[PDB]
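Structure first, then comments.
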2 protein chains.
Amino acid sequence: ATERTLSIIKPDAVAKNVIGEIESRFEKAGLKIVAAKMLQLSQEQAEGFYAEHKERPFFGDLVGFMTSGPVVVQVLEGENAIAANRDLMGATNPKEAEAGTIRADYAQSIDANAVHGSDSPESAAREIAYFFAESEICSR
Amino acid sequence: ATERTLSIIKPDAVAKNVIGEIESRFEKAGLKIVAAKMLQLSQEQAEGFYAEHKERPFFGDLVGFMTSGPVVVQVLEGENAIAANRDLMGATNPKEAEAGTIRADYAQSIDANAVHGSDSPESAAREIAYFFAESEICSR
């Protein structure tokens, strides 16, 4: 069924000025961009989003990285979009990602892994509601 | 000569899902995407942006088209970004636009140009102010 998931082009990717190349992967794969915006995450924003990692030993570096430069947050919509976005991105750790995935082709470390995607329907709904008001999501 | 300019990816380009391809032109040319968001322009927002053409006979069609689906408004930044952006878009009329420019490669007709770009330094400052707060522009 058609779905919506949250996708973020991270600071490393946006600083490489490869936003176009990444958006083209999503589009070529059949996903549509239905909302997007570029912003520099505040400390509070980054922490509120990644709240479930508050206690992990990487939290401080994650929030640091995710706030280190501007990103693009967006909503991708398409058939089976949530799982499709995961297969497109590849394994969270670029060393374990198969050739041709976004992470294998664009990332440096498990931290700077170029993009984020929601990992379930429950997390998608939560993550879209975090960055976007419904009336911002432009249907088509 | 580093400058900023307003770029818009229009409802026709968005509808074709070629956001990334258009974006890659700008990026591979040396320009950086320093602000962006997808919007569904309301009547009053389009009329506001095109206030100058309010007395014209096409005004109706222009606004009609620019509100017909989602767009991406953005600011490009880099060396003579204003002139550079206009080179990449090519002639306003796709039919006359040279091979290899955005409008020649993506646009159907004069009506559905695929893209908008500021024509001048004065209209850039006006156009950028209309859509973005300075706090949304992230120079890098």
Side-chain angles (χ1 to χ4, degrees), chain A residues 1-39 41 45-46 48-53 62 65-66 70-134 136-140, chain B residues 9 14-24 27 33 36-38 70 72:
Chain A
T2 71
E3 313 176 322
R4 284 170 180 188
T5 186
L6 186 89
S7 157
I8 304 174
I9 298 174
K10 302 180 163 181
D12 55 326
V14 293
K16 285 187 195 167
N17 295 104
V18 285
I19 288 161
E21 292 182 40
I22 298 172
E23 304 284 50
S24 296
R25 292 289 195 96
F26 299 129
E27 296 173 299
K28 232 99 71 170
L31 306 179
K32 305 179 268 184
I33 311 170
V34 300
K37 56 199 180 193
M38 171 172 273
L39 73 171
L41 297 172
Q45 270 160 352
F49 188 69
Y50 289 115
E52 76 181 298
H53 302 83
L62 171 66
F65 173 66
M66 288 301 293
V71 302
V72 175
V73 298
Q74 61 189 180
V75 172
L76 302 176
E77 175 182 287
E79 178 72 18
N80 192 48
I82 299 174
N85 183 214
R86 278 213 264 76
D87 293 339
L88 238 174
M89 299 189 286
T92 307
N93 195 313
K95 302 175 319 186
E96 314 165 21
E98 294 186 353
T101 66
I102 290 165
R103 278 158 175 167
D105 300 340
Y106 298 94
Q108 299 180 209
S109 77
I110 188 179
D111 270 354
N113 57 354
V115 286
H116 166 89
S118 323
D119 69 13
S120 58
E122 184 201 344
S123 67
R126 189 265 307 180
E127 298 189 349
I128 290 161
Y130 192 75
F131 285 115
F132 298 95
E134 275 301 318
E136 288 176 281
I137 304 181
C138 319
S139 57
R140 55 96 178 198
Chain B
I9 308 171
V14 163
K16 289 189 185 66
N17 302 300
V18 286
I19 297 162
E21 291 185 46
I22 293 175
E23 220 67 313
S24 285
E27 291 186 297
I33 305 163
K37 45 185 180 191
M38 177 169 276
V72 165

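In what follows, chains are A, B, ... by sequence order, proteins preceding strands, each numbered from 1. Reckoned from all heavy atoms, side chains included, excluding hydrogens, waters and symmetry mates.
Taken to the nearest 0.5 Å, the OG atom of A:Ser7 stands 12.5 Å off from the CD1 atom of A:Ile82. Expressed to the nearest 0.5 Å, how far CD1 of A:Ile9 lies from NZ of A:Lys16 amounts to 12.5 Å. To the nearest 0.5 angstrom, A:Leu88 atom CG is 6.5 Å from A:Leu31 atom CG. Put simply, CD on A:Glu136 and CE on B:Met38 are 12.5 Å apart, with the number rounded to the nearest 0.5 Å. Distance check: B:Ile19 CD1 to A:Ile33 CD1 gives 4.0 Å after rounding to the nearest 0.5 Å. In this structure, A:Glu23 CD and A:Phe26 CZ are separated by 6.0 Å, a value rounded to the nearest 0.5 Å.
Between A:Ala1 and A:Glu3, the shortest heavy-atom contact is O-CG, 3.2 Å. Across all their heavy atoms, A:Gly117 and A:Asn85 have their closest contact at CA-OD1, 3.3 Å. The heavy-atom pair separating A:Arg140 from B:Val14 by the smallest distance is NH1-O, 2.7 Å.
Looking at residues two or more places apart in sequence or on another chain, you find a side chain to side chain contact (heavy atoms under 4.5 Å, CB included) between A:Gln45 and A:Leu39, A:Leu41, A:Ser42. Remark: A:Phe132 pairs with no residue by the ring pair (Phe, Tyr, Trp, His ring centres under 6.0 Å) rule, at least two apart or across chains.
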Do any side-chain atoms of residues 99-115 of chain A form donor-acceptor pairs under 3.5 angstrom with protein atoms, and if so which ones, sequence neighbours left out?
unit_1	atom_1	unit_2	atom_2	d
A:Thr101	OG1	A:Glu98	O	2.9
A:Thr101	OG1	A:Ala104	N	3.4
A:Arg103	NE	A:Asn113	O	3.4
A:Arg103	NE	A:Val115	O	3.3
A:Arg103	NH1	A:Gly90	O	3.0
A:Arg103	NH2	A:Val115	O	2.8
A:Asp105	OD1	A:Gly100	N	3.3
A:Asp105	OD2	A:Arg25	NH2	2.6
A:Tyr106	OH	A:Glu21	OE1	2.7
A:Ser109	OG	A:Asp111	N	3.0
A:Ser109	OG	A:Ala112	N	3.0
A:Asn113	OD1	A:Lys10	NZ	2.8
A:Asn113	ND2	A:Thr92	O	3.1

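Side-chain atoms of A:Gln74 never come within 3.5 Å of backbone atoms of A:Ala35 as a donor-acceptor pair (strictly under, hydrogens ignored). Checked by atom type and distance alone, the side chain of A:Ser118 pairs as donor or acceptor with a backbone atom of A:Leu6 at under 3.5 Å. The main-chain N or O of A:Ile137 is never found under 3.5 Å from a side-chain atom of A:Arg4 such that the two would form a donor-acceptor pair.
Aromatic ring pairs are classed by plane angle as parallel below 30°, tilted from 30° to 60° and perpendicular above 60°; the pair A:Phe131 and A:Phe49 is tilted.
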